[PDB]
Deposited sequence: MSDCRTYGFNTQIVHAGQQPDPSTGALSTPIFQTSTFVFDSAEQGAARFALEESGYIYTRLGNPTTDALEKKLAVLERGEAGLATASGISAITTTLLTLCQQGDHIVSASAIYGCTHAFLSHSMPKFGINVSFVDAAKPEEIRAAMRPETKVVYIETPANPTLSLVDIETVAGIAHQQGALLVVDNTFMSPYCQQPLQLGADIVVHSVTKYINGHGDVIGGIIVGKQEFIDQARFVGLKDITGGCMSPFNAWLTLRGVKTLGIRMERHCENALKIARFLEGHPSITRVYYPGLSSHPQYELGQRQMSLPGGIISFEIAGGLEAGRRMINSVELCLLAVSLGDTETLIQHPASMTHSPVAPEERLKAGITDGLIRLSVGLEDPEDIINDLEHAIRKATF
């Protein structure tokens, strides 16, 4: 049949893959090669980036996002830069959300302008700010959603109409949702990018990225962006592992989301916790938008602990099961305290303008028994807050 006709779990398992024609091997073979051979001069000319393993991953993700074609990359950052460096040149303009991944922010704020490409940062939770910042030279509107670190949302369908009316493309980073929870292209986005490093692979052992969009664009991203600009090839072994990890995407996302809701409710009920940011809680500022745009509220939670900086340090130093790390989207529950860890070299007043308060903790909820995670949190919080 055609894999675009089956239910979503069936697509997760099967799309882009088939038993090996010549051997019947069911697993996609790892084509760990750099060299492909021709049968003849003619065969070689006719042919005149490409690998069967990576192709299977690209086709699968294209199906899952409901896009025409996929392109794998060496990293999520390379998926973002290959895309934007393919689309933009000296004199072009980009309108970007402000609440985005920090390294994306550095690329947009420092790298692009040095190539003659200007960027305007706006609060993408306010579509009007996006409209106001558009220019005749604007090629791209770039957004992330949910956005960290307070899990605020962006109304993709609305922003898409705005960008399109002014002749720009919409690019959406769908990393934190995965195709299982959100499909930006179905809401009008033109291009979706992911760090597969997170939920798509899910097993914390692959760095990689993926871009999905129209065939016309993807061909340019491949034959110019990858080939002639970033060189950000995904290795066939990484692609194989990502295919393997993605087989369980549906069941992992269900369990991540189930666990995260329970933990979020526990945190909301806890007197030592001042705030809890999780789209699955009714008290969330854009709760209804989230209900329409996302099939599930996700596995990521942020929260503020009473007592600011020192409480945040005490709490992370007191967990026994949760692991301290800056990654998110793995099978293990991961936790971090940006102010004391990643952003301590930053000015307190400046961190605040990023939405990073001294007491903010970020939590990636894993596949453990939620009771064990809650017990670990409860224990650490109690220790941290007297």
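- Gaps without C-alpha coordinates occur at 1, 50-60, with positions taken along the deposited sequence from 1.
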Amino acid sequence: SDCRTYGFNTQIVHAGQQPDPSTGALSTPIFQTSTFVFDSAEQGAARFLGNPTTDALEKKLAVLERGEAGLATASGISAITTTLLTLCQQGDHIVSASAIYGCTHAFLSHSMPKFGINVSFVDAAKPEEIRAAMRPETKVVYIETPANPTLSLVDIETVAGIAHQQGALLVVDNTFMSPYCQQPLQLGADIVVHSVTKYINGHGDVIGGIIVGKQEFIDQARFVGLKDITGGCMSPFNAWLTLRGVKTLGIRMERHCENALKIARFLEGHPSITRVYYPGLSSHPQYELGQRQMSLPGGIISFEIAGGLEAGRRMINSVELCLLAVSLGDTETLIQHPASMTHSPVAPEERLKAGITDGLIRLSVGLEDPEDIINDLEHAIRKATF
From here on, numbers count along this sequence of modelled residues.
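- Per the PDB record, of the two stretches 344-352 and 327-335, 344-352 carries the greater mean B-factor over its C-alpha atoms.
- Between 204-212 and 286-294, the higher mean Cα B-factor belongs to 286-294.
- When the C-alpha B factors of 311, 80, 88, 156 are read from the deposited coordinates, the top value falls at 311.
- The residue among 136, 236, 184, 299 whose C-alpha atom has the highest B-factor in the PDB entry is 136.
- Residue-level temperature factors show residue 272 in the middle third of its chain, judged at the C-alpha atom.
- Remark: residue 111 belongs to the highest third of its chain, ranked by C-alpha B-factor as recorded.
- For residue 9, the recorded CA temperature factor ranks within the lowest third of the chain's modelled residues.
- In the PDB entry, a CA B factor belonging to the middle third of its chain's modelled residues is recorded for residue 166.
- When all modelled residues of the chain are sorted by CA temperature factor, residue 248 is found within the lowest third.
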